[PDB]
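Reproduced below: model06.cif, with mmCIF, C-alpha atoms and all ligand atoms.
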data_structure
loop_
_atom_site.label_atom_id
_atom_site.label_comp_id
_atom_site.auth_asym_id
_atom_site.auth_seq_id
_atom_site.Cartn_x
_atom_site.Cartn_y
_atom_site.Cartn_z
CA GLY A 3 38.15 50.16 122.91
CA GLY A 4 36.23 46.92 123.23
CA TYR A 5 32.77 46.22 124.53
CA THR A 6 30.58 44.21 126.87
CA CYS A 7 30.27 40.79 125.21
CA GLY A 8 26.75 40.02 126.39
CA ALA A 9 25.81 37.19 128.74
CA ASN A 10 26.77 33.74 127.44
CA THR A 11 27.73 35.01 123.99
CA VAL A 12 31.22 33.47 124.40
CA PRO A 13 30.18 29.96 125.37
CA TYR A 14 33.69 28.46 125.57
CA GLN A 15 34.90 31.14 128.03
CA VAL A 16 35.93 29.71 131.41
CA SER A 17 36.63 31.31 134.79
CA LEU A 18 39.18 29.53 136.99
CA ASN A 19 38.38 29.95 140.68
CA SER A 20 40.46 28.96 143.71
CA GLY A 21 38.58 31.17 146.14
CA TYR A 22 38.33 34.02 143.65
CA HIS A 23 38.49 34.38 139.87
CA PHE A 24 42.22 34.17 139.09
CA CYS A 25 42.48 33.32 135.37
CA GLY A 26 40.50 32.59 132.23
CA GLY A 27 40.54 29.55 129.97
CA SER A 28 38.88 27.94 126.98
CA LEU A 29 36.67 24.84 126.95
CA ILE A 30 37.98 22.59 124.15
CA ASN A 31 35.78 19.56 124.80
CA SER A 32 33.31 18.56 127.49
CA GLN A 33 36.07 17.58 129.93
CA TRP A 34 39.13 19.71 129.11
CA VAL A 35 40.14 23.36 129.36
CA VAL A 36 43.15 25.17 127.80
CA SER A 37 44.73 27.99 129.81
CA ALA A 38 48.17 29.56 130.42
CA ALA A 39 50.88 27.70 132.32
CA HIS A 40 51.45 30.86 134.37
CA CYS A 41 47.91 30.26 135.70
CA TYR A 42 48.95 27.02 137.43
CA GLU A 43 47.59 26.68 140.98
CA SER A 44 46.13 23.97 143.21
CA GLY A 45 42.44 23.61 144.10
CA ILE A 46 41.02 24.84 140.82
CA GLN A 47 37.29 24.96 140.24
CA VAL A 48 36.26 25.50 136.64
CA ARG A 49 33.31 27.83 136.20
CA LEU A 50 31.42 27.63 132.91
CA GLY A 51 28.45 29.67 131.75
CA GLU A 52 29.50 32.77 133.68
CA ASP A 53 28.72 36.38 132.88
CA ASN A 54 28.93 38.33 136.14
CA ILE A 55 31.53 36.41 138.15
CA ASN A 56 30.10 37.74 141.44
CA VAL A 57 26.45 36.74 140.84
CA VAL A 58 24.78 33.39 140.24
CA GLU A 59 22.66 34.16 137.17
CA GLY A 60 21.33 30.74 136.16
CA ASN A 61 23.52 29.22 133.44
CA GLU A 62 26.62 28.35 135.44
CA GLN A 63 28.26 24.96 135.77
CA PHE A 64 30.87 24.66 138.52
CA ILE A 65 33.13 21.61 138.09
CA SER A 66 36.25 20.78 140.11
CA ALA A 67 39.47 20.21 138.18
CA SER A 68 40.79 16.61 138.31
CA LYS A 69 44.32 17.74 137.47
CA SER A 70 46.34 20.26 135.56
CA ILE A 71 49.16 19.57 133.14
CA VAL A 72 51.69 22.32 132.50
CA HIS A 73 53.57 22.09 129.19
CA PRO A 74 56.83 20.15 129.66
CA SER A 75 58.89 23.04 128.24
CA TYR A 76 57.20 25.95 130.05
CA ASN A 77 59.69 28.60 131.19
CA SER A 78 58.22 30.98 133.77
CA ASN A 79 60.86 33.67 133.12
CA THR A 80 60.48 34.00 129.35
CA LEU A 81 56.91 32.63 129.22
CA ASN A 82 57.94 30.39 126.32
CA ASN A 83 55.45 27.50 126.04
CA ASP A 84 52.88 29.25 128.24
CA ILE A 85 50.14 26.64 127.97
CA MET A 86 48.43 24.29 130.42
CA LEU A 87 45.63 21.73 130.18
CA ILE A 88 43.03 21.29 132.90
CA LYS A 89 40.95 18.12 133.12
CA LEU A 90 37.48 18.38 134.66
CA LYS A 91 36.28 15.84 137.21
CA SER A 92 33.04 15.39 135.25
CA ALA A 93 31.95 16.26 131.72
CA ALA A 94 30.25 19.61 131.28
CA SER A 95 26.73 19.60 129.88
CA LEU A 96 27.05 21.19 126.44
CA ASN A 97 24.30 23.49 125.13
CA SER A 98 24.11 26.88 123.32
CA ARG A 99 25.49 28.83 126.28
CA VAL A 100 28.22 26.35 127.26
CA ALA A 101 30.10 24.96 124.27
CA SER A 102 33.59 23.92 123.26
CA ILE A 103 35.79 25.82 120.83
CA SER A 104 37.70 24.01 118.09
CA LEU A 105 41.46 23.71 118.06
CA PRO A 106 43.13 25.07 114.90
CA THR A 107 44.09 22.89 111.92
CA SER A 108 46.37 25.60 110.59
CA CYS A 109 48.01 28.65 112.12
CA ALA A 110 46.47 32.07 111.58
CA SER A 111 48.03 34.87 109.55
CA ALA A 112 48.74 38.55 110.19
CA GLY A 113 45.67 40.67 109.49
CA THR A 114 43.19 38.01 110.57
CA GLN A 115 40.62 39.32 113.03
CA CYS A 116 40.33 37.68 116.42
CA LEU A 117 38.09 37.94 119.47
CA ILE A 118 39.82 38.39 122.82
CA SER A 119 37.48 37.90 125.78
CA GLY A 120 37.73 37.97 129.55
CA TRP A 121 37.16 39.66 132.87
CA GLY A 122 40.54 41.42 132.80
CA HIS A 123 42.20 39.58 135.68
CA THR A 124 45.89 39.13 135.00
CA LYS A 125 47.54 36.82 137.49
CA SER A 126 49.45 38.58 140.29
CA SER A 127 49.10 42.01 138.64
CA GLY A 128 46.89 43.67 141.26
CA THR A 129 45.01 45.52 138.53
CA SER A 130 41.32 46.55 138.80
CA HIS A 131 38.81 45.09 136.30
CA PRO A 132 35.04 44.71 135.67
CA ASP A 133 32.85 41.79 136.78
CA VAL A 134 31.10 41.10 133.48
CA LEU A 135 32.68 39.56 130.40
CA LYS A 136 34.42 42.03 128.06
CA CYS A 137 35.39 41.56 124.42
CA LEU A 138 37.79 43.09 121.92
CA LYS A 139 38.02 42.49 118.18
CA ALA A 140 41.68 42.82 117.18
CA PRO A 141 43.94 41.82 114.29
CA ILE A 142 46.96 39.57 114.44
CA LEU A 143 50.13 41.58 113.84
CA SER A 144 52.97 40.60 111.52
CA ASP A 145 55.90 38.69 113.05
CA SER A 146 58.20 41.63 112.33
CA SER A 147 55.88 44.19 114.00
CA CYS A 148 55.49 41.92 117.01
CA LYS A 149 59.26 41.51 117.40
CA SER A 150 59.78 45.25 116.94
CA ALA A 151 57.27 45.88 119.74
CA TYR A 152 59.06 43.51 122.13
CA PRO A 153 62.73 43.21 121.09
CA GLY A 154 64.47 40.02 122.22
CA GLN A 155 61.31 38.48 123.72
CA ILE A 156 59.09 37.01 121.01
CA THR A 157 59.65 33.32 120.33
CA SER A 158 58.19 31.15 117.58
CA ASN A 159 55.57 30.09 120.16
CA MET A 160 54.14 33.59 120.53
CA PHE A 161 52.23 36.11 118.46
CA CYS A 162 50.93 39.64 118.90
CA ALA A 163 47.45 41.01 118.34
CA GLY A 164 45.95 44.43 118.95
CA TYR A 165 46.54 48.04 117.97
CA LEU A 166 49.69 50.13 117.62
CA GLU A 167 47.62 53.33 117.33
CA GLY A 168 44.40 54.81 118.73
CA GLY A 169 45.48 55.73 122.25
CA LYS A 170 43.52 52.87 123.81
CA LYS A 171 44.54 50.17 126.27
CA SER A 172 43.48 46.53 125.95
CA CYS A 173 42.66 45.03 129.34
CA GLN A 174 39.85 42.66 128.38
CA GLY A 175 41.61 39.30 128.49
CA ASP A 176 42.31 37.41 131.68
CA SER A 177 45.60 35.61 132.03
CA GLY A 178 45.00 32.31 130.24
CA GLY A 179 41.97 33.58 128.32
CA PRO A 180 40.94 32.87 124.70
CA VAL A 181 41.94 34.46 121.45
CA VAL A 182 39.58 33.02 118.86
CA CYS A 183 39.96 33.68 115.15
CA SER A 184 37.50 32.42 112.55
CA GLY A 185 36.07 29.89 115.01
CA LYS A 186 39.43 28.45 116.12
CA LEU A 187 41.33 28.89 119.36
CA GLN A 188 44.56 30.44 118.05
CA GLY A 189 45.87 32.20 121.16
CA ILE A 190 46.04 32.20 124.94
CA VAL A 191 46.49 35.47 126.86
CA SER A 192 50.09 35.28 128.02
CA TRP A 193 51.81 38.63 128.63
CA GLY A 194 52.55 42.08 127.28
CA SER A 195 52.21 45.81 127.85
CA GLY A 196 48.89 46.05 126.02
CA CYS A 197 46.90 46.88 129.16
CA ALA A 198 49.50 48.99 131.01
CA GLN A 199 50.52 51.15 128.03
CA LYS A 200 48.47 52.65 125.22
CA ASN A 201 49.22 51.54 121.64
CA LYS A 202 50.87 48.23 122.60
CA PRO A 203 49.75 44.79 121.49
CA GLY A 204 49.11 41.77 123.65
CA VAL A 205 51.32 38.70 123.42
CA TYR A 206 49.62 35.32 123.05
CA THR A 207 50.69 31.69 123.15
CA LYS A 208 50.55 30.33 119.59
CA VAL A 209 48.10 27.44 120.07
CA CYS A 210 48.56 25.95 116.60
CA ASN A 211 52.08 24.84 117.61
CA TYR A 212 50.63 22.73 120.42
CA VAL A 213 47.76 20.84 118.80
CA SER A 214 49.64 17.52 118.61
CA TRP A 215 50.65 17.79 122.27
CA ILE A 216 47.13 18.76 123.31
CA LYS A 217 45.51 15.89 121.41
CA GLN A 218 48.05 13.33 122.63
CA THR A 219 47.81 14.47 126.25
CA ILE A 220 44.01 14.39 126.32
CA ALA A 221 43.96 10.96 124.65
CA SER A 222 46.14 9.52 127.46
CA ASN A 223 44.59 11.11 130.60
CA CA B 1 27.75 34.21 137.66
ZN ZN B 2 40.58 39.98 139.66
#
Write out the structure in this file as structure tokens.
Ligand SMILES: [Ca+2]
Ligand SMILES: [Zn+2]
Amino acid sequence: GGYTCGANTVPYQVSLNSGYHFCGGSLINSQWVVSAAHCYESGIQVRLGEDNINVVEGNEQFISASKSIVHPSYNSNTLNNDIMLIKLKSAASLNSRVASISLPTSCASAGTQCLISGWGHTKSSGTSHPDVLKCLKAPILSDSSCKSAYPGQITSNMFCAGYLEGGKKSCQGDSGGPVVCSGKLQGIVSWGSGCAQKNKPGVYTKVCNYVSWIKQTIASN
């Protein structure tokens, strides 16, 4: 059923704030964040080093976004290619509590354990959530199990993680938040019934498919 992460124990976890916390993201180098395309908005401030999003606790860095880049093939209806890059106006100061997470070299496999983290804010859902960072350890599901859970909706750019039994709900991730497996950012919180229904997995953007695009885009902007 997940747990309270602990302050600054997930040092790559970002809050995106446009007046309020509206999405999560992952710091992938000192000047770039990975989030979901469905998180796209104007006037983004990136907030690093957060634990309680409503209290200044001493390790925060607030940096305005320079621009956001939604994936060229993002479809807002199907959520295929649900990935967006956010450039920071200035480089974050990296330390133990604020640190980047590595992009994957290879995709992850079913059965691999991942860490999903966030404040539980899903964009435009209206759902209640806590103010401190929450965590869930969950396994990647097989392609076949994922497709069986969501018939007609899982593309090659998506994967499922979570639990099909237990009677729990998984509401930890924010829209756009990290799914980190063996020290690599493998997923982005995208969609699913995992919070609304018990025994359903989350659906995540498959980051390994996008590494070339991410690297090329950063290198040119
Ligand atoms: Ca804070
Ligand atoms: Zn919220």
One-decimal distance in Å that lies between atom CA of residue A:64 and atom CA of residue A:102: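 Going from atom CA of residue A:102 over to atom CA of residue A:64, I get 15.5 Å.
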Top pick for closest residue to residue A:9, considering A:55, A:182, A:25, A:135 and counting all atoms listed in the file: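 Ranking A:55, A:182, A:25, A:135 by distance to residue A:9, first place goes to A:135.
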Shell of 9 Å around ligand CA 1 (chain B) (only C-alpha atoms and all ligand atoms), written as a list in words: residues 49, 50, 51, 52, 53, 54, 55, 56, 57, 58, 59, 60, 61, 62 and 134 of chain A
Taking only C-alpha atoms and all ligand atoms into account, which residues have an atom no farther than 12 Å from ligand ZN 2 (chain B)? I'd like them as an mmCIF file with C-alpha atoms, in the frame of the given file.
data_model
loop_
_atom_site.group_PDB
_atom_site.id
_atom_site.type_symbol
_atom_site.label_atom_id
_atom_site.label_comp_id
_atom_site.auth_asym_id
_atom_site.auth_seq_id
_atom_site.Cartn_x
_atom_site.Cartn_y
_atom_site.Cartn_z
ATOM 1 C CA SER A 17 36.630 31.310 134.790
ATOM 2 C CA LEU A 18 39.180 29.530 136.990
ATOM 3 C CA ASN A 19 38.380 29.950 140.680
ATOM 4 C CA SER A 20 40.460 28.960 143.710
ATOM 5 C CA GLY A 21 38.580 31.170 146.140
ATOM 6 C CA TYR A 22 38.330 34.020 143.650
ATOM 7 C CA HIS A 23 38.490 34.380 139.870
ATOM 8 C CA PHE A 24 42.220 34.170 139.090
ATOM 9 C CA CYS A 25 42.480 33.320 135.370
ATOM 10 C CA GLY A 26 40.500 32.590 132.230
ATOM 11 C CA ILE A 55 31.530 36.410 138.150
ATOM 12 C CA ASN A 56 30.100 37.740 141.440
ATOM 13 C CA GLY A 120 37.730 37.970 129.550
ATOM 14 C CA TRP A 121 37.160 39.660 132.870
ATOM 15 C CA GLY A 122 40.540 41.420 132.800
ATOM 16 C CA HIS A 123 42.200 39.580 135.680
ATOM 17 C CA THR A 124 45.890 39.130 135.000
ATOM 18 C CA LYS A 125 47.540 36.820 137.490
ATOM 19 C CA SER A 126 49.450 38.580 140.290
ATOM 20 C CA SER A 127 49.100 42.010 138.640
ATOM 21 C CA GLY A 128 46.890 43.670 141.260
ATOM 22 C CA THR A 129 45.010 45.520 138.530
ATOM 23 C CA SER A 130 41.320 46.550 138.800
ATOM 24 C CA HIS A 131 38.810 45.090 136.300
ATOM 25 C CA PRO A 132 35.040 44.710 135.670
ATOM 26 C CA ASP A 133 32.850 41.790 136.780
ATOM 27 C CA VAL A 134 31.100 41.100 133.480
ATOM 28 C CA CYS A 173 42.660 45.030 129.340
ATOM 29 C CA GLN A 174 39.850 42.660 128.380
ATOM 30 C CA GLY A 175 41.610 39.300 128.490
ATOM 31 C CA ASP A 176 42.310 37.410 131.680
ATOM 32 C CA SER A 177 45.600 35.610 132.030
#
Pick from A:203, A:74, A:27, A:178 nearest to residue A:144, counting all atoms listed in the file: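 Smallest separation from residue A:144 among the options: A:203.
Atom pair atom CA of residue A:88 / atom CA of residue A:35: separated by 5.0 Å.
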Surrounding residues of residue A:76 excluding itself and chain neighbours under 2 positions, 12 Å, all atoms listed in the file, as a list in words: residues 38, 39, 40, 41, 42, 71, 72, 73, 74, 78, 79, 80, 81, 82, 83, 84, 85, 86, 159, 192 and 207 of chain A
Near-stretch 140-143 of chain A list (9 Å; all atoms listed in the file; drop same-chain fewer than 6 positions) as a list in words: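 The residues that qualify are residues 110, 111, 112, 113, 114, 115, 116, 117, 118, 161, 162, 163, 164, 165 and 203 of chain A.
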Given the selection you just returned, output its residues as a file containing C-alpha atoms, formatted as a PDB file, in the coordinates of the input.
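What ended up in again06.pdb:
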ATOM      1  CA  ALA A 110      46.470  32.070 111.580  1.00  0.00           C
ATOM      2  CA  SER A 111      48.030  34.870 109.550  1.00  0.00           C
ATOM      3  CA  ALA A 112      48.740  38.550 110.190  1.00  0.00           C
ATOM      4  CA  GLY A 113      45.670  40.670 109.490  1.00  0.00           C
ATOM      5  CA  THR A 114      43.190  38.010 110.570  1.00  0.00           C
ATOM      6  CA  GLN A 115      40.620  39.320 113.030  1.00  0.00           C
ATOM      7  CA  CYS A 116      40.330  37.680 116.420  1.00  0.00           C
ATOM      8  CA  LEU A 117      38.090  37.940 119.470  1.00  0.00           C
ATOM      9  CA  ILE A 118      39.820  38.390 122.820  1.00  0.00           C
ATOM     10  CA  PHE A 161      52.230  36.110 118.460  1.00  0.00           C
ATOM     11  CA  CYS A 162      50.930  39.640 118.900  1.00  0.00           C
ATOM     12  CA  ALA A 163      47.450  41.010 118.340  1.00  0.00           C
ATOM     13  CA  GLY A 164      45.950  44.430 118.950  1.00  0.00           C
ATOM     14  CA  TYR A 165      46.540  48.040 117.970  1.00  0.00           C
ATOM     15  CA  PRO A 203      49.750  44.790 121.490  1.00  0.00           C
TER      16      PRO A 203
END
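Nearest residue to residue A:14 among A:170, A:186, A:139, A:91 is A:186, counting all atoms listed in the file.
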A:15, A:68, A:108, A:33 ranked by distance to residue A:181, top pick (using all atoms listed in the file):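 Checking each candidate against residue A:181, we get A:15 as the closest.
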Best match for closeness to residue A:190 among A:103, A:36, A:151, A:216, counting only C-alpha atoms: A:36
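Among the candidates A:13, A:45, A:168, A:154, the residue lying nearest to residue A:180 is A:13 (atoms considered: all atoms listed in the file).
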Point-to-point distance in Å for atom CA of residue A:48 and atom CA of residue A:101: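 It comes out at 13.8 Å.
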Within-9 Å shell of (36.3, 24.0, 115.1) in input frame, all atoms listed in the file, as a ChimeraX atom specification: /A:102-107,184-187
Provide an axis-aligned box for all listed atoms of stretch 24-37 of chain A, padding each side by 5 Å; report its centre and its edge lengths in Å to one decimal, as lines of an AutoDock Vina configuration file.
center_x = 39.0
center_y = 25.9
center_z = 131.6
size_x = 21.4
size_y = 26.6
size_z = 24.9
Mind completing stretch 135-166 of chain A with N, CA and C atoms? Output as a tab-separated table (two decimals), keeping the file's coordinate frame, please?
chain	number	residue	atom	x	y	z
A	135	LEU	N	31.76	39.95	131.45
A	135	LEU	CA	32.68	39.56	130.40
A	135	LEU	C	32.83	40.67	129.34
A	136	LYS	N	34.08	41.00	129.04
A	136	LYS	CA	34.42	42.03	128.06
A	136	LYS	C	35.09	41.40	126.84
A	137	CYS	N	34.95	42.08	125.71
A	137	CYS	CA	35.39	41.56	124.42
A	137	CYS	C	36.15	42.63	123.65
A	138	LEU	N	37.07	42.19	122.81
A	138	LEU	CA	37.79	43.09	121.92
A	138	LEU	C	38.03	42.36	120.61
A	139	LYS	N	37.65	42.98	119.50
A	139	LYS	CA	38.02	42.49	118.18
A	139	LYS	C	39.35	43.13	117.80
A	140	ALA	N	40.34	42.31	117.45
A	140	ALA	CA	41.68	42.82	117.18
A	140	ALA	C	42.38	41.97	116.15
A	141	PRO	N	43.23	42.59	115.32
A	141	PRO	CA	43.94	41.82	114.29
A	141	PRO	C	45.26	41.26	114.80
A	142	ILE	N	45.63	40.12	114.25
A	142	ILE	CA	46.96	39.57	114.44
A	142	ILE	C	47.97	40.47	113.75
A	143	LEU	N	49.08	40.76	114.41
A	143	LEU	CA	50.13	41.58	113.84
A	143	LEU	C	51.17	40.72	113.13
A	144	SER	N	51.88	41.31	112.18
A	144	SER	CA	52.97	40.60	111.52
A	144	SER	C	54.05	40.20	112.53
A	145	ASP	N	54.77	39.12	112.23
A	145	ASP	CA	55.90	38.69	113.05
A	145	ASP	C	56.88	39.84	113.29
A	146	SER	N	57.21	40.56	112.22
A	146	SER	CA	58.20	41.63	112.33
A	146	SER	C	57.71	42.76	113.24
A	147	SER	N	56.44	43.14	113.14
A	147	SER	CA	55.88	44.19	114.00
A	147	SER	C	55.86	43.75	115.45
A	148	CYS	N	55.53	42.47	115.66
A	148	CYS	CA	55.49	41.92	117.01
A	148	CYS	C	56.88	41.96	117.64
A	149	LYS	N	57.89	41.51	116.90
A	149	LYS	CA	59.26	41.51	117.40
A	149	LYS	C	59.78	42.93	117.62
A	150	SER	N	59.38	43.86	116.76
A	150	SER	CA	59.78	45.25	116.94
A	150	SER	C	59.16	45.85	118.20
A	151	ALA	N	57.95	45.40	118.54
A	151	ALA	CA	57.27	45.88	119.74
A	151	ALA	C	57.93	45.38	121.01
A	152	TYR	N	58.45	44.15	120.97
A	152	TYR	CA	59.06	43.51	122.13
A	152	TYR	C	60.41	42.89	121.75
A	153	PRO	N	61.43	43.73	121.53
A	153	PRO	CA	62.73	43.21	121.09
A	153	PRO	C	63.29	42.15	122.03
A	154	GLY	N	63.80	41.06	121.46
A	154	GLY	CA	64.47	40.02	122.22
A	154	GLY	C	63.56	39.11	123.04
A	155	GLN	N	62.24	39.21	122.86
A	155	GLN	CA	61.31	38.48	123.72
A	155	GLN	C	60.29	37.60	123.02
A	156	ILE	N	60.11	37.77	121.72
A	156	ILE	CA	59.09	37.01	121.01
A	156	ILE	C	59.69	35.74	120.42
A	157	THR	N	59.20	34.59	120.89
A	157	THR	CA	59.65	33.32	120.33
A	157	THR	C	58.68	32.84	119.26
A	158	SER	N	59.04	31.74	118.61
A	158	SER	CA	58.19	31.15	117.58
A	158	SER	C	56.89	30.60	118.15
A	159	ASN	N	56.78	30.56	119.49
A	159	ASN	CA	55.57	30.09	120.16
A	159	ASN	C	54.67	31.21	120.65
A	160	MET	N	54.88	32.41	120.11
A	160	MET	CA	54.14	33.59	120.53
A	160	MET	C	53.70	34.38	119.31
A	161	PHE	N	52.59	35.10	119.45
A	161	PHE	CA	52.23	36.11	118.46
A	161	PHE	C	51.60	37.30	119.13
A	162	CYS	N	51.53	38.41	118.40
A	162	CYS	CA	50.93	39.64	118.90
A	162	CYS	C	49.61	39.91	118.20
A	163	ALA	N	48.69	40.52	118.93
A	163	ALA	CA	47.45	41.01	118.34
A	163	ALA	C	47.04	42.29	119.06
A	164	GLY	N	46.38	43.19	118.34
A	164	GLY	CA	45.95	44.43	118.95
A	164	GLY	C	46.26	45.62	118.07
A	165	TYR	N	46.44	46.78	118.70
A	165	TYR	CA	46.54	48.04	117.97
A	165	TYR	C	47.77	48.83	118.39
A	166	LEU	N	48.50	49.33	117.39
A	166	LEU	CA	49.69	50.13	117.62
A	166	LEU	C	49.37	51.63	117.56
